[PDB]
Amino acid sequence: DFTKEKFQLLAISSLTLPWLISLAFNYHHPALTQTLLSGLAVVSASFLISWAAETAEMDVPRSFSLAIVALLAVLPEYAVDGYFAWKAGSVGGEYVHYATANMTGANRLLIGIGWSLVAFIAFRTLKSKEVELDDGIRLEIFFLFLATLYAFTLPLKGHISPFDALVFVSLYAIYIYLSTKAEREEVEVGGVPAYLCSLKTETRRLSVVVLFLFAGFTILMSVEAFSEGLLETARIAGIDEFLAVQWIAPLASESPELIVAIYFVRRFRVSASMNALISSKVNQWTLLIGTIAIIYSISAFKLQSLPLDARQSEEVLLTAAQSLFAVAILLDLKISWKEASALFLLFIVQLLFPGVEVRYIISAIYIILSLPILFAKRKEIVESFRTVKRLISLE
C-alpha cells in the first residue's frame, strides 16, 4: 500500500513550492517573507535528503556509513555557512565574521541544545535518568579530542590557514575511512525510506537520485535568499545581525536533524539517535571548518587565510572549550541528567548574558570542569585510542 507515506512524500515536497514558484516567476517578496519561504524550502529539502540517504544506506550499507548519513543530514548548514564564506572571499566586509560566527553557532547549538534536548526527551520516554551510548562512540570521541586540541591553536594565531583546513578535512577523511571498517548496526526502515525500499532496484535508486538532485537543487536555489533575507530582516528590526547569523540561521539548519533525532527516540532508538548527533558534531567540528576556510580562498581565487578578529577568536575558543567538556562527558559512554543539564545551562547562560567577560568565564568553566573528569577517566581516553588502533589493523 504505502499510501500514507506516499502522501508524506508529496506533502513535504510541496513545501518547497512556495519558494520555487516564486523563483520561477521572479516574484520579489519583502525581507521576512523571503526568509520564511526560502527557509521553508531549505528545511523541507533537508528531510527529503535524509529520506534519500536512509534508503541508500539500507540499499548499499558499504557506501553509506552512519557518519556519512549524519553529514548529509546537516547539508543546509554547509550550504548556509558556505554562502557566508563565499561572500567573505568575493566581497569581504562583515561576511568574514559571519562565516565563523555561523560555524561556532552551529556547533554550540548542537551540543547546548541538541544533545541536551534529545537526552531530556529520552529521559522521559524511557522513564529513566541515564542515556547509554554504544562502544563504537569511542571512535568519534578520539577524533573530537584531536579536532578540539587543534582548534585551540586557532585563537592564538588569529586566523584559519589553508593548512588548518587541510588538517580538519584530513581528520574527517580518516574518520570516515575508519567508520567504514567499523561494525555498523542493522539499519531499520520506517516511513518514506521503507516505501522507497519496497520499490524494485532501478526504480528505487532512480527515485532517491531524483530526490537528492531535487532537494540539493532546492537548497542551492534557497540559501542566498534565506541568508540575505535573515540579514535584511534583522536590519530593519532592532536586532543585531550576529544573533541572526549565529543563532537563528543554524536553528533552521539543525532543526530537521533534531526532528529526526526526536522521532527515533520515541521509537525507542536512543543509541542510534545519539550516534548521529555525536557524529554530526564530528563533521561540523572538522569538515565544516575546513570547508569555510577553503571556500574563502576559492571565492577570492587566491591562497588566503580566514582572518579571526578578537570577537570570533573568543567564539572559537568558547566553542573549543564547550567541545572539550563534551568529550569529557562522553568518556564514560553515558549521558546523565546532570551532564545534560550542565550542557544546557552553560550554553543558555552565555546566550542570555552577552559580553567578553562571560565568554572568557564560561570558557574557563568548561575547561576547568573538564580536567577532573579527563583525569579520572584517563583509562577511557586510552581505550578510545585503542579503538582507533584496532580499526586500523582490522585487515
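The numbering used is simple: start at 1 and walk along the sequence shown.
Between 241 to 249 and 180 to 188, it is 180 to 188 that carries the larger average Cα temperature factor according to the deposited entry. Checked against the record, the higher mean CA B factor of 362 to 370 and 331 to 339 lies with 331 to 339. Out of 74, 236, 79, 101, it is 236 whose C-alpha atom has the highest B-factor in the PDB entry.
Per the deposited coordinates, the residue with the largest Cα temperature factor out of 217, 264, 84, 142 is 264. Among all modelled residues in this chain, the alpha-carbon of residue 63 has a temperature factor (C-alpha) in the highest third. Residue 208 sits in the middle third of its chain by CA B factor, as recorded in the PDB entry. In this PDB entry, residue 344 carries a Cα temperature factor that places it within the middle third of its chain's modelled residues.
Among the modelled residues of the chain, residue 30 sits in the middle third by CA temperature factor in this PDB entry. Sort the modelled residues of the chain by CA B factor and residue 198 lands in the highest third.
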